[PDB]
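Engineer: Let me give you the structure first, and then I'll get to my questions.
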Amino acid sequence: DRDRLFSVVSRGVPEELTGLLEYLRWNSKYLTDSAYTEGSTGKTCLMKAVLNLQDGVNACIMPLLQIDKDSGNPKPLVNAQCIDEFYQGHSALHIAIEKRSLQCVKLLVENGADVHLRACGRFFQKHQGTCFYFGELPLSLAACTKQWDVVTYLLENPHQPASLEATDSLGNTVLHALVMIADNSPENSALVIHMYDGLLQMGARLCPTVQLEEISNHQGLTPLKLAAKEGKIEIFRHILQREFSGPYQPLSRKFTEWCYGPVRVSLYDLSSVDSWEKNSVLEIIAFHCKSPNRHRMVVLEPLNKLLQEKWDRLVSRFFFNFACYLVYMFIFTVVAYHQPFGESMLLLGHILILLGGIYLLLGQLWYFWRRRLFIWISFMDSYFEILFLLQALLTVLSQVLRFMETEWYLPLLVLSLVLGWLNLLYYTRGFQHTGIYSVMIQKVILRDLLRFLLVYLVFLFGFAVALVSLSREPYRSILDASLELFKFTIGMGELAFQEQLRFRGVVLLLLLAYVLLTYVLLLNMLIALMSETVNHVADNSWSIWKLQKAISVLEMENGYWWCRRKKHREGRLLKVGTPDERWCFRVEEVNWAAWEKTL
Amino acid sequence: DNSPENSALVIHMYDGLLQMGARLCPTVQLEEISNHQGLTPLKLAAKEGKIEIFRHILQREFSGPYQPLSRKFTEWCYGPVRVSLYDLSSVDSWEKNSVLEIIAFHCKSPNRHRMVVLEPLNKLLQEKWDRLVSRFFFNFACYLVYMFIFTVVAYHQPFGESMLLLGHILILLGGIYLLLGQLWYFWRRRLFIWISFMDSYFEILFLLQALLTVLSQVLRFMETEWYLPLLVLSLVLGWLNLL
Amino acid sequence: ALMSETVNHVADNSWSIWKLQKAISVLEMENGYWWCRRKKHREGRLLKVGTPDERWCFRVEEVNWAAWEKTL
């Protein structure tokens with residue numbers, strides 16, 4: 001194929017004469033087919049042809065169409081040679097629509113355009129390494145690049161339109177591609193929101209029969225659910241409360257229906273309601289989402305009021321469970337303290353403790369079984385919960401060791417007791433503003449104190465071994481020396497025993513060194529703790545508290561395992577008018593800017 | 001100087017002078033002439049701590065006839081992602097006195113920490129770290145097991161006699177190895193310690209520990225009673241230096 | 001005194017200092033162990049690449065949406 005190697009110029013008579021002289025290499029395409037693969041050039045000839053990149057305007061006079069007409073082979077597919085040359089999953093249509101050139105795609109579609117390009121590869125990341133994820137569809141890439149003209153042409157092609165509900169190998173549609181290219185940068189957010197609304201309007205105008213937002217990918221997520229999971233805020237917020245006026249009103253989600261004054265009622269349509277449907281947006285944000293800004297995703301407007309209503313409805317059961325746990329712990333403390341008519345009371349108390357431990361263990365096991373994905377990904381977000389399980393286990397274990405008539409049951413019983421008293425703090429997540437500062441501590445303390453305590457224990461054990469080495473030839477065992485070093489920070493074991501084999505001075509110097517290391521570690525503790533406090537109390541704490549409340553209300557809404565899984569009642573506001581009847585939720589908000597804008 | 005007016009003046013004059021030199025004398029590269037200290041203008045900017053001119057020289061791009069004078073190359077862009085082909089004279093490779101070590105060691109500016117996070121140096125250092133993290137963790141594990149052996153020997157010090165003597169031999173060998181390594185490091189970086197060694201004071205601590213260890217064994221080979229304080233001081237210094 | 005230089009220290013200085021320490025460490029260990037002499041100083045990053053001047057370079061892929069909102 002000498003034509004491709006000799007097509008360095010834009011266009012001219014050399015291409016025409018080469019094509020006329022070749023004519024399917026004179027009915028023998030052996031060398032033409034050999035050069036059509038990789039090695040001869042390494043890239044497809046169309047790719048090199050389409051980026052002539054003229055300064056004035058990209059021409060359409062290059063021979064790409066008459067060479068295609070001449071190449072009447074059973075494979076007229078406009079793809080990359082050998083299907084993958086460092087560009088797996090790339091075709092001529094993608095590069096053609098990349099250049100923002102209307103002429104090339106306009107003249108190419110009438111040929112074997114072969115839309116729905118489900119190509120092989122899927123290597124490196126997503127589909128290709130240096131290829132950003134755009135959906136592996138022509139119209140998806142066209143929409144992702146903010147090119148209205150090519151999208152419009154593809155959606156109403158004269159020969160065959162490209163279906164808007166098309167899907168790739170991953171299962172995404174074009175909307176999902178926009179969702180995953182919806183990074184929170186203001187320019188990208190504006191681009192994606194504009195393209196999303198425009199594409200919804202185009203789909204309504206062309207194919208109103210099928211709802212575009214109800215198509216789920218292979219993971220089973222709608223674009224709203226996808227935005228919730230991926231942690232995108234701008235596009236998720238827009239989709240949650242998008243309003244349209246005129247013929248596009250049914251496509252809208254909220255409904256500013258009534259306004260008797262500065263207060264106006266918005267009728268937010270919600271597909272995030274739990275109701276009798278699973279995989280709701282609320283649990284997606286609560287459990288499946290892993291973005292660092294997910295705490296802000298439950299305080300926008302409709303979700304905030306929704307969670308407030310759910311909390312106000314379930315606070316009765318929350319306090320009832322808190323009281324039951326408190327009385328159970330009181331009974332457990334009494335039984336542990338009074339453990340050697342009275343014998344009957346002691347035995348019934350032991351039976352009640354065993355029953356409570358079994359109940360908590362079974363509840364924690366059911367919770368873990370129902371949330372296997374959350375623990376599989378990361379269980380550190382709700383570590384308190386696992387603590388409950390541990391406590392329950394120990395309690396049961398204690399009773400087991402009690403039923404074996406052994407002497408070792410008491411440490412297990414006491415460890416349960418102290419773990420349960422520690423876990424009673426779990427119920428501070430509710431109440432009031434008093435929890436605001438008590439919910440953000442567990443996300444930085446557990447990260448800092450762990451490493452700093454590891455370092456402190458390493459230093460303490462080293463110093464203890466050193467003191468044992470001095471005292472060998474008064475710090476007899478390693479445990480005793482470690483205990484002494486732990487006491488030195490506050491209570492000391494100092495004033496060395498006179499003549500300590502002429503090594504009193506080095507021992508005193510080592511003790512002073514340990515004191516300085518402990519003190520400087522404490523100062524580092526304070527500095528590290530205070531470092532992430534100034535930029536944490538603006539709005540993050542309230543968002544974290546709301547997220548914890550949402551997780552708690554979602555967990556308790558499922559009902560106690562003893563009560564099976566109730567019936568999932570309380571469809572909020574049920575059906576309401578606006579021929580589409582969908583459930584909504586009414587929120588009254590006061591704003592005086594309406595009257596200063598809408599005269 | 002990093003003042004915005006002076007930075008703009010110097011960058012404009014620098015690009016204009018490069019263009020004039022290319023137009024008049026393209027035979028010889030202007031940026032390859034080194035002063036008596038042996039520093040190119042890029043290396044000079046790295047050492048003196050200037051950021052604006054150094055950043056500009058590191059990633060200056062030109063279009064047209066001045067394209068060869070440019071350093072980066074925005075060559076390909078398949079979408080929002082574009083690939084920049086940063087030319088680098090800061091590569092260690094087989095050449096000495098690279099820009100990386102100039103910023104790391106010879107530079108003394110208070111803002112030098114910002115000079116390794118611009119764009120090309122940041123990714124370059126990330127790649128080097130990802131390549132050398134294997135050896136870093138291997139050395140960390142070797143040091144940890146050496147300190148475990150040292151702690152065991154110190155604690156159990158009065159088949160067992162053979163274990164104790166081989167442990168003492170291993171401790172002496174490790175102390176000698178660390179001492180020699182620290183001496184080699186100091187010899188290779190005599191200028192850094194001559195100017196200021198307080199930037200990497202941890203390193204000198206290692207030397208001290210090693211020295212004490214060897215000293216302890218020396219006092220052990222003299223059959224004296226004073227070796228134990230030196231051995232214990234080494235031990236605690238090594239446990240501190242594990243940080 | 002300890003808290004005085006903490007408020008104006010955690011914006012970007014800490015990350016720069018950490019990167020500087022990592023750079024110093026990787027430069028030091030790249031020379032190789034003295035027992036292994038000074039190795040051979042391998043790993044020329046990306047080696048030679050086109051653009052009659054052939055010079056070694058390093059490729060970095062960066063994402064920016066401002067290009068399409070500026071370069072139509």
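Just so we're on the same page: first chain in the structure tokens is A, next is B, and so on; residues restart at 1 for each chain, and ligands are numbered from 1 in the order they show up.
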Find the residues of chain A that sit at most 8 Å from chain B; for each, write down the nearest two atoms and how far apart they are in Å, to one decimal. Count only C-alpha atoms. Sort by chain, then by number going up, and give it as CSV.
Structural biologist:
```
residue,atom,partner,partner_atom,distance
A:98,CA,B:79,CA,7.7
A:130,CA,B:78,CA,7.8
A:131,CA,B:78,CA,6.6
A:132,CA,B:81,CA,6.9
A:145,CA,B:79,CA,7.8
A:455,CA,B:243,CA,7.8
A:458,CA,B:239,CA,7.6
A:459,CA,B:239,CA,6.7
A:462,CA,B:236,CA,6.2
A:463,CA,B:236,CA,6.5
A:465,CA,B:155,CA,6.2
A:466,CA,B:232,CA,5.6
A:468,CA,B:155,CA,6.9
A:469,CA,B:155,CA,5.5
A:470,CA,B:228,CA,7.2
A:472,CA,B:158,CA,7.6
A:473,CA,B:158,CA,7.9
A:503,CA,B:229,CA,7.4
A:506,CA,B:229,CA,6.6
```
Engineer: Please produce an output containing C-alpha atoms for each residue in the selection, written as a compact mmCIF listing (two decimals), in the first residue's frame.
Structural biologist:
```txt
# COMPACT_ATOMS: atom_id res chain seq x y z
CA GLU A 98 -12.79 14.23 18.09
CA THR A 130 -4.20 6.60 27.55
CA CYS A 131 -7.87 6.62 26.47
CA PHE A 132 -10.08 8.34 29.03
CA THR A 145 -16.76 16.51 24.14
CA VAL A 455 5.88 4.30 68.28
CA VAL A 458 8.39 0.52 70.61
CA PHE A 459 10.31 3.15 72.58
CA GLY A 462 13.42 -0.65 74.00
CA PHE A 463 13.97 1.38 77.16
CA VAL A 465 15.07 -3.95 77.70
CA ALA A 466 17.86 -1.43 78.26
CA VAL A 468 16.84 -4.87 82.32
CA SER A 469 20.30 -5.07 80.74
CA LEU A 470 21.64 -2.55 83.26
CA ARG A 472 20.98 -7.71 85.39
CA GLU A 473 24.53 -7.06 86.62
CA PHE A 503 26.00 2.26 86.46
CA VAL A 506 23.96 5.89 82.78
```
Engineer: Sort by chain and increasing residue number a table of all residues of region 119-227 of chain B within 8 Å of region 22-41 of chain C, each with its closest pair of atoms and their distance in Å to one decimal, counting only C-alpha atoms, and write it as JSON lines.
Structural biologist:
```
{"residue": "B:125", "atom": "CA", "partner": "C:23", "partner_atom": "CA", "distance": 6.2}
{"residue": "B:128", "atom": "CA", "partner": "C:26", "partner_atom": "CA", "distance": 6.8}
{"residue": "B:129", "atom": "CA", "partner": "C:26", "partner_atom": "CA", "distance": 6.1}
{"residue": "B:132", "atom": "CA", "partner": "C:26", "partner_atom": "CA", "distance": 6.8}
{"residue": "B:136", "atom": "CA", "partner": "C:29", "partner_atom": "CA", "distance": 7.9}
{"residue": "B:181", "atom": "CA", "partner": "C:34", "partner_atom": "CA", "distance": 6.5}
{"residue": "B:184", "atom": "CA", "partner": "C:34", "partner_atom": "CA", "distance": 7.4}
```
Engineer: Take the residues that were just selected and, keeping N, CA and C atoms, output them as a PDB file, in the first residue's frame.
Structural biologist:
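What landed in result.pdb:
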```pdb
ATOM      1  N   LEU B 125       9.998  11.975  40.586  1.00  0.00           N
ATOM      2  CA  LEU B 125      10.287  11.469  41.921  1.00  0.00           C
ATOM      3  C   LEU B 125       9.292  10.391  42.327  1.00  0.00           C
ATOM      4  N   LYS B 128      10.529   7.262  40.626  1.00  0.00           N
ATOM      5  CA  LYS B 128      11.722   6.746  41.293  1.00  0.00           C
ATOM      6  C   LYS B 128      11.372   6.099  42.630  1.00  0.00           C
ATOM      7  N   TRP B 129      10.467   6.720  43.389  1.00  0.00           N
ATOM      8  CA  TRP B 129      10.038   6.148  44.661  1.00  0.00           C
ATOM      9  C   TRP B 129       9.331   4.816  44.460  1.00  0.00           C
ATOM     10  N   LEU B 132      12.009   2.224  43.768  1.00  0.00           N
ATOM     11  CA  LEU B 132      12.946   1.904  44.841  1.00  0.00           C
ATOM     12  C   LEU B 132      12.275   1.539  46.162  1.00  0.00           C
ATOM     13  N   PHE B 136      13.725  -0.143  49.627  1.00  0.00           N
ATOM     14  CA  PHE B 136      13.517   0.589  50.875  1.00  0.00           C
ATOM     15  C   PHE B 136      12.917  -0.316  51.947  1.00  0.00           C
ATOM     16  N   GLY B 181      29.126   2.363  56.111  1.00  0.00           N
ATOM     17  CA  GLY B 181      28.161   3.018  55.245  1.00  0.00           C
ATOM     18  C   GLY B 181      28.002   4.492  55.561  1.00  0.00           C
ATOM     19  N   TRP B 184      31.092   6.317  54.349  1.00  0.00           N
ATOM     20  CA  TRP B 184      31.044   6.496  52.900  1.00  0.00           C
ATOM     21  C   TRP B 184      30.060   7.592  52.513  1.00  0.00           C
TER      22      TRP B 184
END
```
Engineer: For a quick test of understanding: name the residues of chain C lying within 10 Å of chain A when counting only C-alpha atoms, and present them as an NGL selection string.
Structural biologist: :C and (2-3 or 6-7 or 9-10 or 61 or 63-66 or 68-69 or 72)
Engineer: Go ahead and write the residues just picked, C-alpha atoms, as an mmCIF file, in the first residue's frame.
Structural biologist:
```
data_model
loop_
_atom_site.group_PDB
_atom_site.id
_atom_site.type_symbol
_atom_site.label_atom_id
_atom_site.label_comp_id
_atom_site.auth_asym_id
_atom_site.auth_seq_id
_atom_site.Cartn_x
_atom_site.Cartn_y
_atom_site.Cartn_z
ATOM 1 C CA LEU C 2 4.972 25.186 69.535
ATOM 2 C CA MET C 3 1.477 26.234 68.441
ATOM 3 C CA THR C 6 1.402 25.516 63.298
ATOM 4 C CA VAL C 7 -1.414 27.589 61.775
ATOM 5 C CA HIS C 9 2.426 25.483 58.279
ATOM 6 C CA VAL C 10 -0.203 22.924 57.177
ATOM 7 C CA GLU C 61 -0.535 12.547 31.103
ATOM 8 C CA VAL C 63 -6.387 15.947 32.408
ATOM 9 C CA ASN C 64 -7.695 19.472 31.819
ATOM 10 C CA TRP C 65 -11.132 20.479 30.540
ATOM 11 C CA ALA C 66 -10.133 24.125 30.012
ATOM 12 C CA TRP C 68 -11.925 22.406 25.049
ATOM 13 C CA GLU C 69 -13.543 25.516 26.533
ATOM 14 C CA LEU C 72 -12.818 25.131 20.024
#
```
Engineer: C:11, C:60, C:1, C:47: which is nearest chain B, counting only C-alpha atoms?
Structural biologist: C:60
Engineer: Going by DSSP on the backbone, which residues of region 45-174 of chain B come out as alpha helix (DSSP H)? List them as JSON, numbers by chain.
Structural biologist: {"B": [45, 46, 47, 48, 52, 53, 54, 55, 56, 57, 58, 99, 100, 101, 120, 121, 122, 123, 124, 125, 126, 127, 128, 129, 130, 131, 132, 133, 134, 135, 136, 137, 138, 139, 140, 141, 142, 143, 144, 145, 146, 147, 148, 149, 150, 151, 152, 153, 154, 155, 156, 160, 161, 162, 163, 164, 165, 166, 167, 168, 169, 170, 171, 172, 173, 174]}
Engineer: For region 99-110 of chain B, list every protein, DNA or RNA residue within 10 Å, evaluated using only C-alpha atoms, and leave out those in the same chain fewer than 5 positions away; present the list as an MDAnalysis selection string.
Structural biologist: (chainID B and resid 39:40 42:50 88:92 115:116 121 124:125 189 191:193 195:196 199:200) or (chainID C and resid 20:25 27:28)
Engineer: Just to be explicit: take each residue in the selection above, keep N, CA, C and O atoms, and write the result as a tab-separated table (two decimals), in the first residue's frame.
Structural biologist:
```
chain	number	residue	atom	x	y	z
B	39	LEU	N	27.83	25.10	36.56
B	39	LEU	CA	26.38	25.07	36.66
B	39	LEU	C	25.77	25.72	35.43
B	39	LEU	O	26.15	26.83	35.04
B	40	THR	N	24.81	25.02	34.82
B	40	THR	CA	24.00	25.60	33.76
B	40	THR	C	22.99	26.57	34.37
B	40	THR	O	22.74	26.54	35.57
B	42	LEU	N	19.83	26.52	34.29
B	42	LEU	CA	18.83	25.73	34.99
B	42	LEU	C	19.36	25.26	36.34
B	42	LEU	O	18.68	25.39	37.37
B	43	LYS	N	20.58	24.72	36.36
B	43	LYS	CA	21.18	24.28	37.62
B	43	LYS	C	21.42	25.47	38.54
B	43	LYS	O	21.27	25.35	39.76
B	44	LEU	N	21.79	26.62	37.98
B	44	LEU	CA	21.97	27.82	38.79
B	44	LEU	C	20.67	28.25	39.44
B	44	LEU	O	20.64	28.61	40.62
B	45	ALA	N	19.57	28.22	38.68
B	45	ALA	CA	18.27	28.56	39.25
B	45	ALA	C	17.88	27.56	40.33
B	45	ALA	O	17.29	27.94	41.35
B	46	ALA	N	18.20	26.28	40.12
B	46	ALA	CA	17.91	25.28	41.14
B	46	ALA	C	18.69	25.56	42.42
B	46	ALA	O	18.14	25.49	43.53
B	47	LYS	N	19.98	25.89	42.30
B	47	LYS	CA	20.82	26.08	43.48
B	47	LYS	C	20.44	27.36	44.22
B	47	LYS	O	20.30	27.36	45.45
B	48	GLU	N	20.28	28.47	43.49
B	48	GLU	CA	19.99	29.75	44.12
B	48	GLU	C	18.60	29.81	44.74
B	48	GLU	O	18.31	30.75	45.48
B	49	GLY	N	17.74	28.84	44.45
B	49	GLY	CA	16.42	28.79	45.03
B	49	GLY	C	15.36	29.60	44.32
B	49	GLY	O	14.22	29.66	44.79
B	50	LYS	N	15.70	30.24	43.20
B	50	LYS	CA	14.69	30.91	42.40
B	50	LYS	C	13.69	29.89	41.87
B	50	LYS	O	14.07	28.82	41.39
B	88	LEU	N	14.26	16.52	29.91
B	88	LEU	CA	14.88	16.61	31.23
B	88	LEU	C	16.39	16.50	31.10
B	88	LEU	O	16.90	15.50	30.58
B	89	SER	N	17.09	17.54	31.54
B	89	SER	CA	18.51	17.47	31.83
B	89	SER	C	18.78	17.23	33.30
B	89	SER	O	19.94	17.20	33.72
B	90	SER	N	17.73	17.05	34.09
B	90	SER	CA	17.82	16.76	35.52
B	90	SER	C	17.92	15.27	35.81
B	90	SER	O	17.97	14.89	36.98
B	91	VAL	N	17.93	14.43	34.78
B	91	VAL	CA	18.02	12.99	34.99
B	91	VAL	C	19.40	12.65	35.52
B	91	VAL	O	20.42	13.18	35.05
B	92	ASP	N	19.45	11.77	36.52
B	92	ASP	CA	20.74	11.28	37.01
B	92	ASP	C	21.46	10.49	35.93
B	92	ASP	O	22.54	10.88	35.47
B	115	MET	N	10.25	23.26	45.15
B	115	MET	CA	10.89	23.16	43.85
B	115	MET	C	10.91	21.74	43.30
B	115	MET	O	11.41	21.53	42.19
B	116	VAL	N	10.39	20.76	44.04
B	116	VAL	CA	10.37	19.37	43.59
B	116	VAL	C	8.94	18.87	43.40
B	116	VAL	O	8.71	17.67	43.33
B	121	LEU	N	9.28	17.17	37.82
B	121	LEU	CA	10.03	16.63	38.95
B	121	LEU	C	9.14	15.82	39.88
B	121	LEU	O	9.58	14.80	40.41
B	124	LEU	N	8.52	12.53	38.22
B	124	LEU	CA	9.79	11.83	38.16
B	124	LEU	C	10.14	11.20	39.51
B	124	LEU	O	10.53	10.03	39.58
B	125	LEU	N	10.00	11.98	40.59
B	125	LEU	CA	10.29	11.47	41.92
B	125	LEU	C	9.29	10.39	42.33
B	125	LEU	O	9.66	9.44	43.02
B	189	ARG	N	29.37	13.16	50.60
B	189	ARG	CA	28.65	14.41	50.77
B	189	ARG	C	29.41	15.36	51.69
B	189	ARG	O	28.82	15.94	52.61
B	191	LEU	N	30.58	18.28	51.05
B	191	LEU	CA	30.13	19.65	50.91
B	191	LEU	C	28.88	19.91	51.75
B	191	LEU	O	28.75	20.98	52.36
B	192	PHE	N	27.96	18.95	51.79
B	192	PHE	CA	26.72	19.13	52.55
B	192	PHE	C	27.01	19.28	54.04
B	192	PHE	O	26.47	20.18	54.70
B	193	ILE	N	27.86	18.41	54.59
B	193	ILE	CA	28.21	18.53	56.01
B	193	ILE	C	29.06	19.77	56.25
B	193	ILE	O	28.99	20.37	57.33
B	195	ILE	N	28.68	22.66	54.74
B	195	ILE	CA	27.77	23.79	54.79
B	195	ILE	C	26.84	23.69	56.00
B	195	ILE	O	26.86	24.54	56.89
B	196	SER	N	26.02	22.64	56.04
B	196	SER	CA	25.08	22.45	57.14
B	196	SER	C	24.61	21.01	57.13
B	196	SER	O	24.05	20.55	56.13
B	199	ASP	N	20.10	19.51	58.29
B	199	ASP	CA	18.92	19.19	57.49
B	199	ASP	C	18.57	17.71	57.58
B	199	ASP	O	17.39	17.34	57.52
B	200	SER	N	19.57	16.84	57.71
B	200	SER	CA	19.39	15.40	57.79
B	200	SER	C	20.08	14.84	59.02
B	200	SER	O	20.82	13.85	58.97
C	20	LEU	N	10.26	16.40	49.69
C	20	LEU	CA	11.70	16.64	49.70
C	20	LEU	C	12.44	15.52	50.42
C	20	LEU	O	13.50	15.07	49.96
C	21	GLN	N	11.91	15.07	51.56
C	21	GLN	CA	12.54	13.96	52.27
C	21	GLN	C	12.52	12.68	51.43
C	21	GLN	O	13.51	11.94	51.39
C	22	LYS	N	11.40	12.42	50.76
C	22	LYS	CA	11.33	11.24	49.89
C	22	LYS	C	12.34	11.35	48.75
C	22	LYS	O	12.98	10.35	48.38
C	23	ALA	N	12.49	12.54	48.17
C	23	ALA	CA	13.46	12.74	47.10
C	23	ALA	C	14.88	12.51	47.60
C	23	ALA	O	15.68	11.87	46.92
C	24	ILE	N	15.20	13.03	48.78
C	24	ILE	CA	16.54	12.81	49.34
C	24	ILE	C	16.78	11.33	49.56
C	24	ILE	O	17.85	10.80	49.22
C	25	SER	N	15.79	10.62	50.11
C	25	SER	CA	15.95	9.20	50.37
C	25	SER	C	16.14	8.41	49.08
C	25	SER	O	17.01	7.53	49.01
C	27	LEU	N	17.20	9.51	46.14
C	27	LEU	CA	18.50	9.84	45.57
C	27	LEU	C	19.62	9.11	46.30
C	27	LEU	O	20.57	8.63	45.67
C	28	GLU	N	19.53	9.03	47.63
C	28	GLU	CA	20.57	8.36	48.39
C	28	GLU	C	20.61	6.86	48.09
C	28	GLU	O	21.68	6.29	47.88
```
Engineer: Give me, as a VMD selection string, all polymer residues having an atom no more than 10 Å from residue 46 (chain C), counting only C-alpha atoms and skipping those fewer than 4 positions away in the same chain.
Structural biologist: (chain B and resid 85) or (chain C and resid 56 to 59)
Engineer: In Å to one decimal, how far is CA of residue 445 (chain A) from CA of residue 516 (chain A)?
Structural biologist: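 Those two atoms sit 23.1 Å apart.
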Engineer: Any idea what's packed within 12 Å of region 149-155 of chain A, counting only C-alpha atoms, ignoring anything in its chain fewer than 3 positions away? Could you give it as a PyMOL selection string?
Structural biologist: chain A and resi 93-94+96-110+113+115-116+137-146+158-166+174+195+198-199+201-207
Engineer: Quick one: residues within 12 Å of residue 586 (chain A), only C-alpha atoms counted, chain neighbours fewer than 4 positions away excluded, as a PyMOL selection string?
Structural biologist: chain A and resi 254-258+264-270+301-303+305-306+309+572-576
Engineer: Can I get the selected residues back with N, CA, C and O atoms, as a CSV table (one decimal), in the first residue's frame?
Structural biologist:
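Heads up, here's the output in part_2.csv:
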```csv
chain,number,residue,atom,x,y,z
A,254,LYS,N,-38.4,18.3,40.7
A,254,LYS,CA,-39.1,19.1,41.7
A,254,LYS,C,-40.3,19.8,41.0
A,254,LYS,O,-40.4,19.8,39.8
A,255,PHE,N,-41.2,20.3,41.8
A,255,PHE,CA,-42.4,21.0,41.3
A,255,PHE,C,-42.6,22.2,42.3
A,255,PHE,O,-43.2,22.0,43.4
A,256,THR,N,-42.2,23.4,41.9
A,256,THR,CA,-42.6,24.6,42.6
A,256,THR,C,-44.0,24.9,42.3
A,256,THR,O,-44.4,25.7,41.4
A,257,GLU,N,-44.9,24.3,43.0
A,257,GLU,CA,-46.4,24.3,42.7
A,257,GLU,C,-47.1,25.4,43.3
A,257,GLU,O,-47.8,26.2,42.6
A,258,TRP,N,-47.0,25.7,44.6
A,258,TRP,CA,-47.7,26.7,45.3
A,258,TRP,C,-46.8,27.6,46.1
A,258,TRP,O,-45.8,27.2,46.6
A,264,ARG,N,-42.7,29.0,49.8
A,264,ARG,CA,-43.2,28.3,48.7
A,264,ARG,C,-42.9,26.8,48.9
A,264,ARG,O,-41.9,26.4,49.6
A,265,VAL,N,-43.8,25.9,48.4
A,265,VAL,CA,-43.7,24.5,48.6
A,265,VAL,C,-43.2,23.9,47.3
A,265,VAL,O,-43.6,24.2,46.2
A,266,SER,N,-42.1,23.1,47.5
A,266,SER,CA,-41.5,22.3,46.4
A,266,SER,C,-41.9,20.9,46.5
A,266,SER,O,-41.7,20.3,47.6
A,267,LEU,N,-42.4,20.2,45.5
A,267,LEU,CA,-42.8,18.9,45.5
A,267,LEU,C,-41.7,18.0,44.8
A,267,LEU,O,-41.8,17.7,43.7
A,268,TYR,N,-40.7,17.7,45.6
A,268,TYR,CA,-39.6,16.9,45.1
A,268,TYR,C,-40.0,15.5,44.8
A,268,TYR,O,-40.4,14.7,45.7
A,269,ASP,N,-39.9,15.1,43.5
A,269,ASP,CA,-40.0,13.7,43.2
A,269,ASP,C,-38.8,12.9,43.7
A,269,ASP,O,-37.7,13.4,43.6
A,270,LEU,N,-39.0,11.7,44.2
A,270,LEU,CA,-38.0,11.0,44.8
A,270,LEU,C,-38.0,9.5,44.3
A,270,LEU,O,-39.0,8.8,44.5
A,301,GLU,N,-31.1,19.3,50.0
A,301,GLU,CA,-32.4,19.9,50.3
A,301,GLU,C,-33.4,18.8,50.5
A,301,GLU,O,-34.0,18.6,51.6
A,302,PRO,N,-33.7,17.9,49.5
A,302,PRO,CA,-34.8,16.9,49.7
A,302,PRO,C,-34.3,15.8,50.6
A,302,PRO,O,-35.1,15.3,51.4
A,303,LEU,N,-33.1,15.3,50.4
A,303,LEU,CA,-32.6,14.3,51.3
A,303,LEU,C,-32.5,14.8,52.8
A,303,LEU,O,-32.7,14.0,53.7
A,305,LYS,N,-34.4,17.0,54.4
A,305,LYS,CA,-35.7,17.0,55.1
A,305,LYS,C,-36.2,15.5,55.2
A,305,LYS,O,-36.9,15.2,56.1
A,306,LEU,N,-35.9,14.7,54.2
A,306,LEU,CA,-36.4,13.3,54.2
A,306,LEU,C,-35.8,12.6,55.4
A,306,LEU,O,-36.5,11.9,56.1
A,309,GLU,N,-37.3,13.7,58.6
A,309,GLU,CA,-38.6,13.1,58.9
A,309,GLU,C,-38.4,11.7,59.4
A,309,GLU,O,-39.1,11.2,60.3
A,572,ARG,N,-43.6,7.8,51.8
A,572,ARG,CA,-43.8,9.2,52.1
A,572,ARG,C,-44.6,10.0,51.1
A,572,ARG,O,-44.2,10.1,49.9
A,573,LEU,N,-45.8,10.5,51.5
A,573,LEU,CA,-46.7,11.3,50.8
A,573,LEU,C,-47.4,10.6,49.7
A,573,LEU,O,-48.4,11.1,49.1
A,574,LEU,N,-47.0,9.3,49.4
A,574,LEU,CA,-47.7,8.5,48.5
A,574,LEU,C,-47.8,9.2,47.1
A,574,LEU,O,-46.9,10.0,46.8
A,575,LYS,N,-48.8,8.8,46.3
A,575,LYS,CA,-49.0,9.4,45.0
A,575,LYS,C,-49.6,10.8,45.1
A,575,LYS,O,-50.3,11.1,46.0
A,576,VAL,N,-49.2,11.7,44.2
A,576,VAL,CA,-49.7,13.0,44.1
A,576,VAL,C,-49.6,13.5,42.6
A,576,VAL,O,-48.8,13.0,41.9
```
Engineer: Between CA of residue 177 (chain B) and CA of residue 217 (chain B), what distance in Å does the model show, to one decimal?
Structural biologist: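 The value is 13.8 Å.
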Engineer: If we count only C-alpha atoms and set the cut-off at 12 Å, which residues sit around residue 67 (chain B), ignoring sequence neighbours fewer than 5 positions away in its own chain? Please answer as a PyMOL selection string.
Structural biologist: (chain B and resi 18-19+22+60-62+72-75) or (chain C and resi 51+53)
Engineer: So, counting only C-alpha atoms, which residue among C:50, C:70, C:8, C:44 is closest to chain B?
Structural biologist: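 Closest candidate: C:44.
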Engineer: So what do you get for CA of residue 176 (chain A) versus CA of residue 223 (chain A), distance-wise?
Structural biologist: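 CA of residue 176 (chain A) sits 5.4 Å away from CA of residue 223 (chain A).
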